[PDB]
Amino acid sequence: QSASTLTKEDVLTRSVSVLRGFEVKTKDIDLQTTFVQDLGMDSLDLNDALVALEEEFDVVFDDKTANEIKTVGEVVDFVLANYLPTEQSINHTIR
Amino acid sequence: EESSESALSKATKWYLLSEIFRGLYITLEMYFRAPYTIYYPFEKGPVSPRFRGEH
Amino acid sequence: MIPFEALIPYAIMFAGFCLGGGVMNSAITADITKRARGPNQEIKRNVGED
Amino acid sequence: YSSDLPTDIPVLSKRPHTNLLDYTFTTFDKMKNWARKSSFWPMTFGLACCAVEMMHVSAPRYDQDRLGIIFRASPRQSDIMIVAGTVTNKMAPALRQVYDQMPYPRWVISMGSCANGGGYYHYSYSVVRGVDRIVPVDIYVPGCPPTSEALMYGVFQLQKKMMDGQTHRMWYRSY
Amino acid sequence: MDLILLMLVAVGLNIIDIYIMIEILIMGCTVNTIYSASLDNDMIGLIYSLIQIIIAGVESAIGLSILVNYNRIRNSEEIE
Amino acid sequence: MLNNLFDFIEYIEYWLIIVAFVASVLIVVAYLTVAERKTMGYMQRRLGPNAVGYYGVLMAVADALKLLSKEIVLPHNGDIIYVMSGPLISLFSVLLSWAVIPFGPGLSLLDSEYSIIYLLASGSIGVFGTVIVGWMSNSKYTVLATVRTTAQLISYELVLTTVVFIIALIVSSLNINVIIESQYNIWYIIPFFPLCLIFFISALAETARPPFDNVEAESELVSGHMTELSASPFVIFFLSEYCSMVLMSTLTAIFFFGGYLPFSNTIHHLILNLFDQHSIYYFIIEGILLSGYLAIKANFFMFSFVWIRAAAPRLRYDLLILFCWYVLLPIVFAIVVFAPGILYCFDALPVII
Amino acid sequence: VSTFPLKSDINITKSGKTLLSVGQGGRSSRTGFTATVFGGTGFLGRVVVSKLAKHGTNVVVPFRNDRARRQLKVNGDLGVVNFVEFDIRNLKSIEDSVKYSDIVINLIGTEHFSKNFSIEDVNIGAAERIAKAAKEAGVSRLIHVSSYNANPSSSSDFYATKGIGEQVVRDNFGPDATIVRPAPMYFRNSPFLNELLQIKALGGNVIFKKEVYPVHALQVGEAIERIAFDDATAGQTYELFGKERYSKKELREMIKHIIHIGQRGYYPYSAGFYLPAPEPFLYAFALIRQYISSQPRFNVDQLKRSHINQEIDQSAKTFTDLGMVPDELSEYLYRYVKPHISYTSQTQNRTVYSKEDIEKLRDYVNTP
Amino acid sequence: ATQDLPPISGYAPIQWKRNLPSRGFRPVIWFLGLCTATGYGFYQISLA
Amino acid sequence: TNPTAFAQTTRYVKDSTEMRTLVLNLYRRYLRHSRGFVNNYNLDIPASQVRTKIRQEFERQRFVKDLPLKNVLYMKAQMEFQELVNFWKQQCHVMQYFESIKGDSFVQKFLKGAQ
Amino acid sequence: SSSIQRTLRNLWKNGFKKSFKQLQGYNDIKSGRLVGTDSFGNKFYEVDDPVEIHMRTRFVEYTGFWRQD
Ligand SMILES: NC(=O)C1=CN([C@@H]2O[C@H](COP(=O)(O)OP(=O)(O)OC[C@H]3O[C@@H](n4cnc5c(N)ncnc54)[C@H](OP(=O)(O)O)[C@@H]3O)[C@@H](O)[C@H]2O)C=CC1
Ligand SMILES: CCCCCCCCCCCC(=O)OC[C@H](COP(=O)(O)OCC[N+](C)(C)C)OC(=O)CCCCCCCCCCC
Ligand SMILES: CCCCCCCCCCCC(=O)OC[C@H](COP(=O)(O)OCC[N+](C)(C)C)OC(=O)CCCCCCCCCCC
Ligand SMILES: CCCCCCCCCCCC(=O)OC[C@H](COP(=O)(O)OCC[N+](C)(C)C)OC(=O)CCCCCCCCCCC
Ligand code: SF4
């Protein structure tokens, strides 16, 4: 119920597809793949990607983490540690 | 303990709505007075020589 | 100064009740008396002289 | 597919009654017009100093209620919109939305110089130069503010126009 | 149709809808009591029917309060 | 024809009796709307409606006809179920409550030993029909008004029900006609003057009339549950609310002022002695006389509904809840124990006869 | 729209007048032109009158309904919009409308007939009378709006009268009369889309099989503005249609998903979304309501036209002859059926159908 | 003569202080009448 | 008293590095609430188009050098954000915001009176 | 000024024909001394009745019977 069902392979796989829909230099994305160097995102492109990765996983990056994020693997680490399913109504669970 | 009215005196004004009934009576007095209404356009309100209207 | 214009709607409301009561009291009482006259229509409606 | 159209048939507002149905739909129109004129329910839309004179029409001296005039809070229960006050750019979309929510038939009265054409605030950056840029207006009441009698006269003009309506005879003779 | 439990599709998908089913089910017992008591001309059955109505209304209130407090628990932050 | 025409009237006679019954009630309700504005107008030193019909007698007709000629506002033509079901439940409830009102001895459409229960039960359905307007509605003023209707219902329902039960207990009957005829030698206004005030206070709260007009508070919730209602759905709710005012005014006259009983027994006999009892004209006059007594008493309380509106300010509903539960309920439950004790002490427990 | 609808500040009409323009094109500006829009209170007249009055062209709007004309006055500045009470059976009122106009636009036309006017009276008799009255008043430009399938030898009494009306307009006003042939027009409160947005559409299995080339009503109103202010368009016939062909069955099914009526597997079938009926019943019901109902319902001739598809006259001119690109129904379908979406109201998340999404939905509708 | 002025003697004084004198019987009397009416009412109910 | 929802206290930033972070944080908030803007204001465009419009406005002020202009631009950008999220703007104003948008030759302007 | 004695007194002075006209436009049966008549045909009256209130001592009779401007 109110617990995460996320694996490191799924979060990475969903992260790559969401990053593939952008205009990146390379489609070969792994954990070590940096945003500035490998994919080539400026200030605004990076934050478009972060919000896009927010919507996919229903998570919200904190300001401190978002400003300091470098690699794709850091995003996968953040999603796994912070993801929570949204609370449901009083009827969804007990019925 | 420092009130001027007895408990029954204050409860009789309270339960029997003393001041509410007085307000009704004052309203009923107006029912028998002459109303202020004038019948425009058959009658007109007062005007003065300084009145500003159509040029 | 009794305002008679204000008392007109109450007169019609008074006549509203009297319309219901005047009809109901007379129409129902007449029908009960009419149907108590006999076992057929010629006795209920017609009135004998004797 | 030939046709032959008459040429000298008068317009609806000048067409006399010829047959029985002309009287029947005229009677149907008159009763509905009589009711709408009699039940004159404006919407409470006092914006500025022109609203004070609109409140004095309901005051005992003039007592609009004796003519069947009752102010309604909700646009659904109203059929007359009296714009009494300055219409600003910040208020215009709200005024239009409030007008659009009135069920038909609906009429609009524009009262005072602000609503008519802007008035004292005509050359202001934040004033609409006349409420008839946003909503159709049926009658214009002049004055700054119009007196209570000036507003009542404007209402009487609208009631006169409402009593000339021929909606049901329009269906019979124009459609 | 009853033996395949068709009534399980007629019950709504909220906790309050279960409450309504319970009230309807108990009301079926009272209608059966009134029907038998009237045919027999027996006032003891009607006394039973009156008791069922009062008691069934008591549990309706007790169950509602539990559901009321259950919803309050979820809306517990109340920072306002 | 002749015979077939004459006994066809007999076949339709009772339907006309009902049509006359419906017509009589609607005339009072229609002209109560006119009378309220006339009464408020002169108390406020204005005139009230006098320009619609001769001296204002067609003002009610104009309001209904104008509203019946207005467009109905709803998202779709098939969405009539939303804003019409509520008004109909409210109207059907109050109209059915009139079936037990006797205009004279035995002149009620429904007569039964449980007429009191039917009266209370029928009016409780009208409360339900009011809250249906805020049916998951997106109008926040309709939603805010639905909450207040429930709060007022909890306030008055216990007090109004218990007061009527004390009156029924004094006569040991739940038949409304028996309660009226039990007041031959005494009108229950004298022994139960506190209960008459409480009944009228409860009636004001039940009908959502000021000072308890917290549901349709114009200065608070524009029009309350009626803010989205126009044309026919608005008339039906307005018609039912004023029907309830006439009903509760007539019930105040029945429970405490003897119903249709004459003010003076001497004058009542004098007037009726002019007409031969063997003629149908006696029973017309008696029907007018008895209903006139009921009309006079009910007119005074319909006047009192208007009178309290023009004198008292509105009270917040959360204060109304405390007033009904901390003040009215303890007093009424005291009298429900007081009254049987008095009667037993003097060997005067009531029976039906 | 634009900011100034003219290529110059001076325009000499073919009647000889020279009309100067003042201002930059706002409400307070003028173009110097006086136009008369017959049928201005109708669906298309409100579009046309609004576009003319916003730039300062004086518009004479002859009306028969006093309530419907009130909203037209808001379009223009003081003195710009003028009203003349009129009837097509009255000749003095028709002349008064065109007495001062340099442009006359004829939008009068019905697909029905009533106790007072047949389809021949309106689509031919009125058009002929207005064209002749315009000529005697020295009007430089006449614009007549027929239908998309106008044909003097058609089986449909509407298509036939529209086709003959095209002939009579040129025979009275002369060879310089302009003719417009719009396709079914979609907009807010569009008669084309209204029947598709209606739920209880009886006999849709027959009625909704017609294929058409629907066109945006704003462009048709924009095209007429171009035609009136460019004298090179005199004597020309324009077929204004969209690039894509749709059948009303497709749009009916595409609309159903946007309105989300299909959220329930039972509700559309229970609510009357599909109302199949044999064509003889559709004929009898249409025939019966023609002499019982007082409001114009689906009549007999519209039943015949349900079989006839829209044929584009290849010899006529298109939007490209006016230097305009037709709009696509895919890019406007959502916003015009948006008012009819049931729950919407920011419940959880709106489903805003982009232009790409509408075309994806069309394939899904056509998938069996 | 050419201006509106108060009279030589001035205007008579007006009333502006609050004037709402109490009216009615003492609360004891109203309570007694209520008990008197209740006692007589139940006497008639007892007789009936 | 208490401030309205989504209100920020006004502060004059004196560090260009700190200013840059505050701008980037606000830009993310605009993107996250883009789907909310489509819902509240009933726009006829996808949220993807709304995010594109947001980026254009941030790209206009990309190369503003003066720090005092940055603070006023940042302060005004915060006020607009608080206006949009709280639904204070009327729907007509937001619809016209997306209504915004080849220049004619010399002769073309000459013929029509130019500007 | 709102009593039925004043109305019946004014009804007797005017007659049925004049009072019925006042019962159609004026909403009030009133009597007075004829003061003049303008060029349009309106008749202007002044009231000597001691029970008439301040602003109601002068009134007009219009020429029309159904509409008054
Ligand atoms: N999808 C479409 O709408 C299509 C439109 N057309 C044609 O375009 C033209 C514009 O029609 P549209 O605006 O779309 O919809 P309408 O049905 O409202 O057009 C009818 C207009 O002409 C007036 N009219 C009809 N009959 C008469 C009459 N006897 N006397 C006076 N006026 C009359 C109407 O006046 P009033 O408003 O007072 O009733 C109305 O203004 C029509 O002629 C139509 O045949 C053809 C193909 C597609
Ligand atoms: C007969 C049935 C109808 C009326 C029943 C109820 C009436 C009020 C009872 C409680 C009174 C009370 O509690 O009296 C308390 C007060 C006064 O007392 P105080 O403040 O100490 O006086 C101060 C000192 N003095 C005694 C020297 C003055 O009286 C009242 O305000 C009486 C107001 C009544 C006037 C209006 C009468 C008509 C009302 C409307 C009727 C439909
Ligand atoms: C059946 C459903 C319930 C009943 C509803 C009743 C509603 C009331 C009716 C509306 C009133 C109305 O219309 O009367 C007001 C109208 C408005 O006149 P105007 O517009 O100013 O022009 C008229 C004046 N001219 C033409 C000189 C300018 O007077 C009339 O023309 C009335 C004249 C005809 C009178 C015929 C009477 C015939 C007898 C009828 C009674 C037996
Ligand atoms: C045993 C004999 C029973 C008597 C029968 C009557 C019982 C009435 C109880 C009233 C108590 C009360 O008015 O209560 C007041 C309460 C709460 O007031 P609070 O917050 O406690 O302040 C007051 C406490 N003080 C003063 C001690 C500090 O609300 C109200 O204002 C209710 C107002 C009701 C007015 C309804 C109008 C009805 C008009 C009737 C015309 C026919
Ligand atoms: S027109 Fe004059 S009185 Fe009216 S709102 Fe404007 S300034 Fe005030």
# chains A, B, ... in the order shown; residues from 1 in each chain; ligands from 1
>>> residues_around(residues="residue 70 of chain I", least_positions_apart="6", cutoff="10 Å", atoms="only C-alpha atoms", output="PyMOL selection string")
chain I and resi 12-13+16+19-20+23+61+64+76
>>> write_last_selection(atoms="N, CA and C atoms", output="PDB file, in the first residue's frame")
ATOM      1  N   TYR I  12      16.804  42.500  -1.036  1.00  0.00           N
ATOM      2  CA  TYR I  12      17.726  42.988  -2.055  1.00  0.00           C
ATOM      3  C   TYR I  12      18.962  42.098  -2.055  1.00  0.00           C
ATOM      4  N   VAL I  13      19.115  41.299  -3.105  1.00  0.00           N
ATOM      5  CA  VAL I  13      20.238  40.376  -3.213  1.00  0.00           C
ATOM      6  C   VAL I  13      21.462  41.141  -3.695  1.00  0.00           C
ATOM      7  N   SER I  16      25.694  38.088  -7.144  1.00  0.00           N
ATOM      8  CA  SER I  16      25.229  37.583  -8.433  1.00  0.00           C
ATOM      9  C   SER I  16      25.085  36.068  -8.430  1.00  0.00           C
ATOM     10  N   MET I  19      21.900  35.380  -6.612  1.00  0.00           N
ATOM     11  CA  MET I  19      20.790  35.777  -7.471  1.00  0.00           C
ATOM     12  C   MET I  19      20.512  34.723  -8.533  1.00  0.00           C
ATOM     13  N   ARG I  20      21.566  34.145  -9.112  1.00  0.00           N
ATOM     14  CA  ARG I  20      21.389  33.149 -10.163  1.00  0.00           C
ATOM     15  C   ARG I  20      20.648  31.922  -9.649  1.00  0.00           C
ATOM     16  N   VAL I  23      16.918  32.708  -9.264  1.00  0.00           N
ATOM     17  CA  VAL I  23      16.238  32.720 -10.554  1.00  0.00           C
ATOM     18  C   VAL I  23      15.960  31.301 -11.030  1.00  0.00           C
ATOM     19  N   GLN I  61      15.462  37.776 -20.657  1.00  0.00           N
ATOM     20  CA  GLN I  61      16.314  38.428 -19.671  1.00  0.00           C
ATOM     21  C   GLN I  61      17.560  37.609 -19.361  1.00  0.00           C
ATOM     22  N   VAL I  64      20.977  40.013 -18.953  1.00  0.00           N
ATOM     23  CA  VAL I  64      20.920  41.256 -18.190  1.00  0.00           C
ATOM     24  C   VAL I  64      22.097  41.274 -17.224  1.00  0.00           C
ATOM     25  N   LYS I  76       9.599  41.287  -9.650  1.00  0.00           N
ATOM     26  CA  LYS I  76       8.403  41.308 -10.482  1.00  0.00           C
ATOM     27  C   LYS I  76       8.039  39.916 -10.982  1.00  0.00           C
TER      28      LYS I  76
END
>>> residues_near_ligand(ligand="ligand 3", cutoff="7 Å", atoms="only C-alpha atoms and all ligand atoms", output="compact mmCIF listing (two decimals) with N, CA, C and O atoms, in the first residue's frame")
# COMPACT_ATOMS: atom_id res chain seq x y z
N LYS D 30 -49.04 40.50 -24.82
CA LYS D 30 -49.36 41.53 -23.83
C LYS D 30 -49.30 40.99 -22.41
O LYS D 30 -48.78 41.66 -21.51
N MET D 31 -49.83 39.79 -22.19
CA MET D 31 -49.81 39.21 -20.84
C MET D 31 -48.38 38.98 -20.36
O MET D 31 -48.05 39.30 -19.22
N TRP D 34 -46.83 42.35 -19.82
CA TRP D 34 -47.38 42.94 -18.60
C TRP D 34 -46.70 42.37 -17.36
O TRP D 34 -46.40 43.11 -16.42
N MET D 163 -43.44 46.87 -22.92
CA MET D 163 -44.85 46.69 -23.24
C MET D 163 -45.13 46.74 -24.74
O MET D 163 -46.24 46.42 -25.15
N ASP D 164 -44.15 47.14 -25.55
CA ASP D 164 -44.29 47.11 -27.00
C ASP D 164 -43.72 45.84 -27.61
O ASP D 164 -43.70 45.73 -28.84
N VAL F 61 -49.68 37.41 -9.11
CA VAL F 61 -49.85 36.85 -10.45
C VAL F 61 -48.69 37.25 -11.35
O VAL F 61 -48.16 36.44 -12.11
N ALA F 62 -48.27 38.52 -11.27
CA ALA F 62 -47.18 38.99 -12.11
C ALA F 62 -45.87 38.30 -11.77
O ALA F 62 -45.10 37.94 -12.67
N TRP J 66 -53.64 54.71 -20.39
CA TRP J 66 -52.84 53.52 -20.11
C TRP J 66 -51.36 53.81 -19.88
O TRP J 66 -50.72 53.06 -19.15
N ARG J 67 -50.82 54.87 -20.47
CA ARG J 67 -49.41 55.20 -20.31
C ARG J 67 -49.27 56.68 -19.98
O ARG J 67 -49.96 57.52 -20.57
>>> residues_around(residues="residue 34 of chain B", least_positions_apart="3", cutoff="10 Å", atoms="only C-alpha atoms", output="NGL selection string")
(:B and (30-31 or 37)) or (:C and (1-3)) or (:F and (42 or 45-47)) or (:J and (1-3 or 51-53))
>>> write_last_selection(atoms="N, CA, C and O atoms", output="mmCIF file, in the first residue's frame")
data_model
loop_
_atom_site.group_PDB
_atom_site.id
_atom_site.type_symbol
_atom_site.label_atom_id
_atom_site.label_comp_id
_atom_site.auth_asym_id
_atom_site.auth_seq_id
_atom_site.Cartn_x
_atom_site.Cartn_y
_atom_site.Cartn_z
ATOM 1 N N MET B 30 -45.510 52.222 13.809
ATOM 2 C CA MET B 30 -45.284 52.765 12.474
ATOM 3 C C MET B 30 -46.347 52.305 11.491
ATOM 4 O O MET B 30 -46.609 52.989 10.496
ATOM 5 N N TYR B 31 -46.957 51.149 11.744
ATOM 6 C CA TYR B 31 -47.997 50.636 10.864
ATOM 7 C C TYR B 31 -49.200 51.566 10.790
ATOM 8 O O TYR B 31 -49.970 51.489 9.828
ATOM 9 N N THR B 37 -44.308 58.034 1.065
ATOM 10 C CA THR B 37 -44.155 57.816 -0.367
ATOM 11 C C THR B 37 -44.945 58.837 -1.178
ATOM 12 O O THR B 37 -46.107 59.123 -0.878
ATOM 13 N N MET C 1 -54.664 56.085 12.290
ATOM 14 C CA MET C 1 -54.675 55.937 10.843
ATOM 15 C C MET C 1 -54.491 54.478 10.458
ATOM 16 O O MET C 1 -53.371 53.989 10.372
ATOM 17 N N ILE C 2 -55.598 53.781 10.230
ATOM 18 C CA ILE C 2 -55.546 52.380 9.827
ATOM 19 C C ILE C 2 -55.359 52.314 8.317
ATOM 20 O O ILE C 2 -56.225 52.780 7.565
ATOM 21 N N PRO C 3 -54.255 51.751 7.829
ATOM 22 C CA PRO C 3 -54.022 51.674 6.381
ATOM 23 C C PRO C 3 -54.855 50.568 5.755
ATOM 24 O O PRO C 3 -54.560 49.379 5.914
ATOM 25 N N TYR F 42 -45.647 49.405 5.317
ATOM 26 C CA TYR F 42 -46.197 50.411 6.219
ATOM 27 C C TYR F 42 -45.438 50.464 7.537
ATOM 28 O O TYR F 42 -45.310 51.539 8.131
ATOM 29 N N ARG F 45 -42.781 52.519 6.699
ATOM 30 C CA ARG F 45 -43.278 53.823 6.266
ATOM 31 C C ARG F 45 -43.169 54.002 4.754
ATOM 32 O O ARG F 45 -42.915 55.103 4.263
ATOM 33 N N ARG F 46 -43.354 52.913 4.016
ATOM 34 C CA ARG F 46 -43.580 52.915 2.578
ATOM 35 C C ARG F 46 -44.948 52.287 2.307
ATOM 36 O O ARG F 46 -45.731 52.038 3.226
ATOM 37 N N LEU F 47 -45.241 52.041 1.033
ATOM 38 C CA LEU F 47 -46.547 51.535 0.629
ATOM 39 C C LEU F 47 -46.556 50.044 0.333
ATOM 40 O O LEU F 47 -47.504 49.350 0.709
ATOM 41 N N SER J 1 -53.675 59.946 5.827
ATOM 42 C CA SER J 1 -53.327 59.955 4.416
ATOM 43 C C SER J 1 -53.414 58.557 3.808
ATOM 44 O O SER J 1 -53.314 58.403 2.564
ATOM 45 N N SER J 2 -53.594 57.546 4.650
ATOM 46 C CA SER J 2 -53.683 56.170 4.179
ATOM 47 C C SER J 2 -55.010 55.536 4.574
ATOM 48 O O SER J 2 -55.224 54.346 4.363
ATOM 49 N N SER J 3 -55.898 56.344 5.146
ATOM 50 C CA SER J 3 -57.182 55.862 5.626
ATOM 51 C C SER J 3 -58.169 55.681 4.478
ATOM 52 O O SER J 3 -58.009 56.232 3.386
ATOM 53 N N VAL J 51 -55.139 66.364 5.528
ATOM 54 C CA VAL J 51 -54.443 65.118 5.833
ATOM 55 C C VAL J 51 -53.408 64.748 4.780
ATOM 56 O O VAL J 51 -52.693 63.753 4.956
ATOM 57 N N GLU J 52 -53.301 65.511 3.695
ATOM 58 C CA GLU J 52 -52.249 65.266 2.719
ATOM 59 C C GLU J 52 -50.887 65.622 3.301
ATOM 60 O O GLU J 52 -50.724 66.651 3.962
ATOM 61 N N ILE J 53 -49.903 64.766 3.040
ATOM 62 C CA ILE J 53 -48.560 64.943 3.577
ATOM 63 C C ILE J 53 -47.791 65.957 2.739
ATOM 64 O O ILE J 53 -48.269 66.410 1.694
#
>>> select_by_dssp(residues="chain B", states="alpha helix (DSSP H)", output="PyMOL selection string")
chain B and resi 7-15+18-30
>>> residues_around(residues="residue 63 of chain A", least_positions_apart="2", cutoff="10 Å", atoms="only C-alpha atoms", output="NGL selection string")
(:A and (60-61 or 65-68)) or (:I and (21-22 or 24-26 or 28))
>>> residues_near_ligand(ligand="ligand 5", cutoff="7 Å", atoms="only C-alpha atoms and all ligand atoms", output="PDB file with C-alpha atoms, in the first residue's frame")
ATOM      1  CA  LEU D  47     -20.463  50.389  -8.102  1.00  0.00           C
ATOM      2  CA  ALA D  48     -20.004  54.007  -6.990  1.00  0.00           C
ATOM      3  CA  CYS D  49     -21.851  57.185  -5.974  1.00  0.00           C
ATOM      4  CA  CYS D  50     -24.516  56.344  -8.573  1.00  0.00           C
ATOM      5  CA  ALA D  84     -24.637  52.385 -11.345  1.00  0.00           C
ATOM      6  CA  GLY D  85     -21.023  53.478 -11.105  1.00  0.00           C
ATOM      7  CA  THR D  86     -17.636  53.595 -12.788  1.00  0.00           C
ATOM      8  CA  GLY D 112     -24.692  58.043 -14.684  1.00  0.00           C
ATOM      9  CA  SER D 113     -21.876  59.602 -16.670  1.00  0.00           C
ATOM     10  CA  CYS D 114     -19.317  56.964 -15.633  1.00  0.00           C
ATOM     11  CA  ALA D 115     -21.353  54.097 -17.064  1.00  0.00           C
ATOM     12  CA  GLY D 119     -17.687  60.904 -17.145  1.00  0.00           C
ATOM     13  CA  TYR D 120     -15.184  62.585 -14.850  1.00  0.00           C
ATOM     14  CA  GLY D 143     -26.689  62.821 -14.589  1.00  0.00           C
ATOM     15  CA  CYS D 144     -23.856  62.870 -12.039  1.00  0.00           C
ATOM     16  CA  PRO D 145     -25.605  61.228 -10.299  1.00  0.00           C
TER      17      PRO D 145
END
>>> residues_near_ligand(ligand="ligand 1", cutoff="6 Å", atoms="only C-alpha atoms and all ligand atoms", output="list in words")
residues 39, 40, 41, 42, 43, 44, 45, 63, 64, 65, 87, 88, 107, 108, 109, 110, 117, 122, 145, 146, 147, 148, 182, 183, 184, 185, 191 and 192 of chain G
>>> interface_residues(of="chain F", to="chain J", cutoff="7 Å", atoms="only C-alpha atoms", output="list in words")
residues 50, 51, 54 and 55 of chain F
